[PDB]
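Contents: one structure, followed by commentary.
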Amino acid sequence: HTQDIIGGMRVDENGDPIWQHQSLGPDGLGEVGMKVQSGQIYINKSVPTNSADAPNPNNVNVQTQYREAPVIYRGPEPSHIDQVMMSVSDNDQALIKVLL
Amino acid sequence: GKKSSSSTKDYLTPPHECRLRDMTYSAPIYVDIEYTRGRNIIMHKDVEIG
Amino acid sequence: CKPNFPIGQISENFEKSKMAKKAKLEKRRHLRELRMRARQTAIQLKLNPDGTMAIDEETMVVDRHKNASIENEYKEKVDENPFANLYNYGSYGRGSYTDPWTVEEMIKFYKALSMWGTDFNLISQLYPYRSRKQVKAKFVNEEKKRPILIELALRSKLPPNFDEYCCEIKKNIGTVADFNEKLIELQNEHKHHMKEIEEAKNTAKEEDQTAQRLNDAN
Amino acid sequence: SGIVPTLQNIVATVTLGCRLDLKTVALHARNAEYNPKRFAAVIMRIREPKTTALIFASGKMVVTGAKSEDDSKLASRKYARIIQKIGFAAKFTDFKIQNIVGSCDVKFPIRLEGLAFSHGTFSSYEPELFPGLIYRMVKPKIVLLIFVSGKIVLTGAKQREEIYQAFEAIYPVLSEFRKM
Amino acid sequence: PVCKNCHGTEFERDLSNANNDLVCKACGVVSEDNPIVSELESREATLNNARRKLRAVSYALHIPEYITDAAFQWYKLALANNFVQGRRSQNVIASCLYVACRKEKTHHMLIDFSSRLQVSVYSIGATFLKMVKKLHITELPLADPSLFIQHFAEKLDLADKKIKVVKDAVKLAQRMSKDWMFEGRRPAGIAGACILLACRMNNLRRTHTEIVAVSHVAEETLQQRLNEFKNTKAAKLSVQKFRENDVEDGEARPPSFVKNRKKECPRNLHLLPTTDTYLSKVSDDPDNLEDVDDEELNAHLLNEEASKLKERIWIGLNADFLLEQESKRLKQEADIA
Amino acid sequence: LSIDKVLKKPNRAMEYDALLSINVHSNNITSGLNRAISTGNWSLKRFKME
Ligand SMILES: [Zn+2]
């Protein structure tokens with residue numbers, strides 16, 4: 801019973817936007833309308849580390865367990881992102897579909 | 101497709117609403133069956149199977 | 280506009296709900312009248368001119384469904400309304416409705432409780448279609464209901480008002496036989512049949528060893 | 061509120077080192093109950109002092125159905141007075157007790173879901189099988205069930221003493237929730 | 002992880018020049034280039082059968098599959114605690130699946146499991162209690178009845194305006210909550226009464242039977258629930274009129290002490446009467462009992478002339494020892510067979 | 401095969417209904433058809449052809 805989270809926007813030196821974070825948005829979904837380059841992830845994705853452990857029936861240590869795994873835009877030429885939608889599949893899992 | 105009780109046209113997701121959610125555009129198959137429950141035989145209508 | 284039952288707008292598809300309710304009241308009333316009435360296939364051959372004394376190949380096997388299909392044709396047909404099958408917590412659990420007790424039964428209840436101390440074995444058959452469980456609860460609920468009328472019974476340690484002499488023998492006139500010796504005499508018959516089949520057992524055993532000893536010689 | 065918790069029913073069993081025969085002790089009594097395919101022993105039912113005598117085929121016996129502790133005691137030897145009619149030894153030695161049940165009325169409505177969220181790390185309940193909240197206390201290793209009517213029952217205690225100091229210990233967690 | 006000259010700990014994978022190397026920001030020495038990408074038997078059998086059974090009932094109950102694999106972990110460790118032996122296999126998976134239903138907090142209530150196996154509800158909840166004590170589930174969420182409303186409306190064949198019929202309901206459901214109607218009562222009971230009142234005040238689809246066909250709770254036990262609601266406080270405001278925008282608390286009157294009113438320094442240690450004072454009342458003679466004698470229990474003895482009267486009735490009802498006898502006589506007959 | 405596994409019981413013979421275990425076998429038609437269009441290979445049996 802651990803989800804996947806879309807937290808983002810780490811800061812440094814009075815400024816949130818690092819060179820890799822000019823297009824993350826407040827929600828983690830990279831905001832629609834501006835350009836991207838190599839690097840500069842646009843969907844921030846985090847997965848728990850105890851993916852295959854037995855469920856211990858207690859509530860002791862679940863506060864900080866998310867290792868990062870974003871999705872990077874490769875490519876030889878800077879592009880834009882056209883529109884981003886999210887919805888739910890047949891059985892209830894959140895979907896993320898952004899169109900470049 | 102349609103039932104034999106309500107006799108409405110259909111209750112359905114549109115296909116373009118379906119083709120971007122990774123679902124299958126489907127309508128259920130309905131049969132009617134009769135059998136021996138017990139003391140007597142009964143018939144049942146509009147059974148979902150697929 | 281009281282919150283119980285206004286008939287006040289469109290109310291789509293209520294008719295299938297309607298006659299289901301009128302049928303469930305009809306079903307329970309036929310359960311009342313079961314209570315009111317209860318109170319009160361070898362093998363076949365033939366003789367051909369061509370081959371006489373020939374046996375039928377189809378009668379050699381049996382179908383095992385034609386006999387079942389006859390009665391299944393002669394059962395009542397009904398159309399299932401998916402509203403009728405409704406189920407709650409009171410479903411598939413043992414226990415039923417007890418037929419409430421009458422004062423005519425109490426004179427057969429007080430006196431059967433006056434004669435013995437409290438003996439639930441033989442008073443069960445006195446109420447022929449009542450069972451051992453709910454009559455034990457009839458002893459329990461009367462402790463709170465009539466605590467003082469029961470308290471006269473255990474003080475009574477004597478033969479009571481001599482009117483049980485009929486009910487002494489009304490119990491006895493069912494299957495009049497000397498039960499203190501009726502059970503003895505047929506039990507002795509049963510062990511006699513078991514002794515005879517035990518005689519048939521060993522006499523079958525001794526001839527069998529005798530016969531195959533002769534096969535061991537040859 | 062200095063209320064007094066009353067005690068509704070005991071249990072008590074004693075050993076009997078004499079072998080019992082079901083034919084010679086049930087068929088010539090007054091409280092005769094023996095259906096062998098229903099139950100393999102006999103129940104005596106006397107209503108003074110309103111308790112019940114359960115026996116066994118091997119010989120052992122257990123009494124249940126008294127309010128007071130000594131109330132069970134005086135009948136426990138009257139029960140063995142019937143087995144003094146038949147020529148049996150009736151060797152009862154240890155009048156041990158392992159269950160005493162008690163109910164009370166504290167008479168004010170309470171919340172129940174707050175301590176199911178606060179003190180949920182040890183005790184819990186469900187509404188849909190039974191309407192009551194089961195409460196556990198491991199300090200005497202006791203179980204007890206509470207209500208929303210303010211009536212609280214105590215069961216599962218071997219010793220009569222052990223219901224008492226448990227019963228005031230559960231009050232400060234009970235009056236915690238004044239439904240502000 | 003540690004560089005060879007400046008001993009840095011951070012390595013940054015540069016991917017712009019199709020090399021995909023490993024190098025630190027501090028000095029610039031590569032770490033590694035040329036990356037290497039990768040292009073009992075009966076114990077196993079008894080859970081493979083148990084896998085398909087969880088696969089079975091999840092299909093029929095429209096369970097989303099991320100509960101089924103999670104519920105397999107519960108059965109796997111409860112297998113180790115010797116809980117499955119003796120009990121019914123078709124029962125023990127139903128209680129096992131229902132735990133993972135309430136950790137996920139779904140709409141699936143318990144009796145829907147009891148329906149298709151055609152057994153009693155109280156049997157399935159019995160082993161649910163006897164399980165949940167044994168393997169020590171401490172944390173477990175409450176069955177909030179707010180879940181059940183918005184799942185009922187889809188099968189309730191109501192009009193197109195299916196969002197307004199549940200928005201007003203959850204206002205009624207939060208009004209249901211702070212008032213004292215459900216504390217020891219049933220979740221499916223009170224969650225079926227709130228949708229009853231919201232449906233009638235806009236439609237007339239409620240027949241006291243269609244919502245029963247959904248909620249599976251009987252008809253007469255919900256008739257009390259609106260009469261419970263009617264005479265508590267300020268409900269006469271909301272019987273006939275008054276658009277549903279009141280924010281009040283009112284009186285707090287659960288009926289469980291209303292029935293009780295219809296009937297009518439801490440404690441020091443040695444004020445209660447003890448238990449050893451009653452142990453020393455009657456002397457504990459192990460062989461003797463002739464100090465607690467009486468006269469009526471001394472008269473407690475058979476009717477001597479009504480003995481053969483009574484056992485003739487007792488032998489006239491009994492046949493259990495009869496067939497026991499020839500079966501006991503069969504124990505000797507099978508010895509030579 | 402799910403019917404006679406239930407009907408091999410002495411007490412379970414009078415008021416049993418068989419329709420409540422049709423939903424467990426329902427989706428075998430669906431998940432068969434969906435992979436039959438997704439992965440373009442058809443495992444027939446009456447011809448045994450691939
Ligand atoms: Zn370095």
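Residue numbers (PDB author numbering), protein chains in the order written: chain A, 801 to 900; chain B, 101 to 150; chain C, 280 to 319, 360 to 537; chain D, 61 to 240; chain E, 2 to 40, 73 to 297, 438 to 510; chain F, 401 to 450.
Don't be surprised by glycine CBs; every beta carbon is placed ideally from N, CA and C.
On the DSSP bridge list, what partners appear for D/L114? Looking up residue 114 of chain D in the fourth sequence gives position 54. In DSSP, D/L114 forms a bridge with D/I103, D/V122.
For A/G828, does the three-state DSSP call read helix, strand or coil? Counted from its first residue, the first sequence places residue 828 of chain A at position 28. If DSSP states are grouped into helix, strand and coil, A/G828 belongs with coil.
Distance, C/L441 Cα to E/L474 Cα: The residue labelled residue 474 of chain E in the question sits at position 301 within the fifth sequence. The residue labelled residue 441 of chain C in the question sits at position 122 within the third sequence. Their Cα atoms are separated by approximately 19 Å.
Which residues of the segment 874-899 of chain A have a Cβ closer than 8 Å to any Cβ of chain B? Give them in chain order. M885, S887, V888, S889, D890, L895, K897
Return the CA-CA distance between E/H241 and E/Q256, expressed in angstroms with no decimal places. For this step, residue 241 of chain E is matched to residue 208 along the fifth sequence. For this step, residue 256 of chain E is matched to residue 223 along the fifth sequence. About 9 Å.
Can you name the residues of chain C whose CB is closer than 7 Å to the CB of E/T240? Here the question's residue 240 of chain E lines up with position 207 in the fifth sequence. Here the neighbours are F293, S296.
Quick one: grab the DSSP three-state call for E/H184. Here the question's residue 184 of chain E lines up with position 151 in the fifth sequence. It is helical.
Taking DSSP as the reference, what is the three-state secondary structure of E/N114? The residue labelled residue 114 of chain E in the question sits at position 81 within the fifth sequence. In this structure, E/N114 counts as coil in the three-state DSSP scheme.
So with Cβ pairs under 8 Å, would you call A/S851 a contact of chain E? Translated into the one-based positions of the first sequence, residue 851 of chain A becomes position 51. It does not: the Cβ of A/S851 has no partner Cβ on chain E nearer than 8 Å.
Can at least three beta-carbon pairs, one atom from the segment 453-463 of chain E and one from the segment 403-420 of chain C, be found at a separation below 8 Å? no
Proximity winner among D/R98, D/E236, D/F155, D/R90, relative to C/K452 (alpha-carbon distances): Reading the third sequence from its first residue, position 133 is the one you call residue 452 of chain C. Nearest of D/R98, D/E236, D/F155, D/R90 to C/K452, Cα basis: D/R98.
Using the Cβ count rule (16 or more neighbours within 10 Å means buried), how would you classify E/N6? To locate residue 6 of chain E, count along the fifth sequence from 1; it is residue 5. Looking at its Cβ environment, which holds fewer than 16 other Cβ atoms inside 10 Å, E/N6 is exposed.
Contact test: residue 45 of chain E Cβ vs ligand 1 heavy atom, cutoff 7 Å: Because residue 45 of chain E lies between 40 and 73, and chain E jumps straight from the first to the second, it has no atoms in this structure.
Shorter than 8 Å from the beta carbon of A/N858 to some beta carbon of chain E? Taking the first residue of the first sequence as 1, we reach residue 858 of chain A at position 58. For A/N858, the answer is yes, since a Cβ of chain E falls inside 8 Å of its Cβ.
Same chain, Cβ closer than 7 Å to C/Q363, neighbours up to 5 away in sequence not counted: Numbered from its first residue, the third sequence carries residue 363 of chain C at position 44. Closer than 7 Å at Cβ, skipping near neighbours: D375, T378.
Considering C/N491, what are the terminal residues of the beta strand (DSSP E) in which it resides? Walking along the third sequence from the start, residue 491 of chain C turns up at place 172. Taken as a continuous stretch (DSSP letters only), C/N491 belongs to no beta strand (DSSP E), as it is neither H nor E.
Would DSSP call A/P848 helix, strand or coil? As a first step, residue 848 of chain A is located in the first sequence; it is residue number 48 there, counting from the start. Three-state DSSP puts A/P848 in a strand.
Return yes when the C-beta of residue 522 of chain E is under 7 Å from any heavy atom of ligand 1, and no when it is not. The question about residue 522 of chain E has no answer here: the residues shown for chain E are numbered 2 through 510.
Hey, E/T448 and D/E129: beta-carbon distance below 8 Å or not? Position 275 of the fifth sequence, counted from the first residue, corresponds to residue 448 of chain E. Position 69 of the fourth sequence, counted from the first residue, corresponds to residue 129 of chain D. For E/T448 and D/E129, yes; Cβs fall inside 8 Å.
Where does the unbroken beta strand (DSSP E) through D/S163 begin, and where does it stop? Counted from its first residue, the fourth sequence places residue 163 of chain D at position 103. Element bounds for D/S163: 160-165.
Distance between beta carbons of C/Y448 and C/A317, contact taken as under 8 Å: Counting from one through the third sequence, the residue named residue 317 of chain C turns up at place 38. Counting from one through the third sequence, the residue named residue 448 of chain C turns up at place 129. About 6 Å separates the two Cβ atoms, so the contact holds.
Would you check if the segment 211-226 of chain D and the segment 231-247 of chain E touch, i.e. whether three or more CB-CB distances between them fall below 8 Å? no
Go through the segment 78-102 of chain D residue by residue and report every complete run of the beta strand (DSSP E) that reaches 3 residues or more, in order. none
What do you reckon, is the C-beta of A/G808 under 7 Å from a heavy atom of ligand 1? In the first sequence, residue 808 of chain A corresponds to position 8, counting from 1. The answer is no for A/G808.
Looking only at C-alpha atoms, which of E/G283, E/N235, E/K200 sits nearest to E/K274? For this step, residue 274 of chain E is matched to residue 241 along the fifth sequence. The candidate whose alpha carbon is nearest that of E/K274 is E/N235.
Beta-carbon proximity list for D/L134, same chain, < 8 Å, skipping 5 on both sides: Numbered from its first residue, the fourth sequence carries residue 134 of chain D at position 74. Cβ within range, chain order: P109.
I think A/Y842 touches A/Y866, with their Cβ atoms under 8 Å apart; what is that distance to the nearest whole Å? On the first sequence, residue 842 of chain A is found 42 positions in, with the first residue counted as 1. On the first sequence, residue 866 of chain A is found 66 positions in, with the first residue counted as 1. In fact, because the Cβ distance is near 18 Å, the residues do not count as touching under 8 Å.
Looking at ligand 1, does it come within less than 7 Å of A/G839, judged from the CB to the closest heavy atom? Here the question's residue 839 of chain A lines up with position 39 in the first sequence. It does not: the Cβ of A/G839 is nowhere closer than 7 Å to a heavy atom of ligand 1.
Quick one, are the C-beta atoms of A/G807 and A/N844 less than 8 Å apart? In the first sequence, counting from the first residue as 1, residue 807 of chain A sits at position 7. In the first sequence, counting from the first residue as 1, residue 844 of chain A sits at position 44. Going by C-beta atoms, A/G807 is nearer than 8 Å to A/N844.
Compare the C-beta of E/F494 with all C-beta atoms of chain D and state if any pair is closer than 8 Å. Taking the first residue of the fifth sequence as position 1, residue 494 of chain E is located at position 321. At least one chain D Cβ lies under 8 Å of E/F494.
Is the CB-CB distance between E/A186 and E/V198 below 8 Å? Taking the first residue of the fifth sequence as 1, we reach residue 186 of chain E at position 153. Taking the first residue of the fifth sequence as 1, we reach residue 198 of chain E at position 165. Contact flag set, yes.
Counting along the chain, where does the beta strand (DSSP E) carrying A/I872 start and finish? Position 72 of the first sequence, counted from the first residue, corresponds to residue 872 of chain A. Run containing A/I872: 871-873, per the beta strand (DSSP E) assignment.
Helix, strand or coil, according to DSSP, for E/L445 in the structure here? Against the fifth sequence, residue 445 of chain E aligns to sequence position 272. The answer is coil: DSSP assigns E/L445 none of H, G, I, E or B.
In chain C, which residues lie with their C-beta within 9 Å of the C-beta of B/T136? Sequence index remark: in the second sequence, residue 136 of chain B carries index 36 (1-based). Simply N391, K394.
What would DSSP say about C/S450, mapped onto helix, strand or coil? Against the third sequence, residue 450 of chain C aligns to sequence position 131. It is coil, neither helix nor strand.
Could you give the distance in angstroms between the alpha-carbon of D/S183 and the alpha-carbon of D/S163? Residue mapping note: residue 183 of chain D aligns to position 123 of the fourth sequence, counting from 1. Residue mapping note: residue 163 of chain D aligns to position 103 of the fourth sequence, counting from 1. Roughly 20 Å separates the two Cα atoms.
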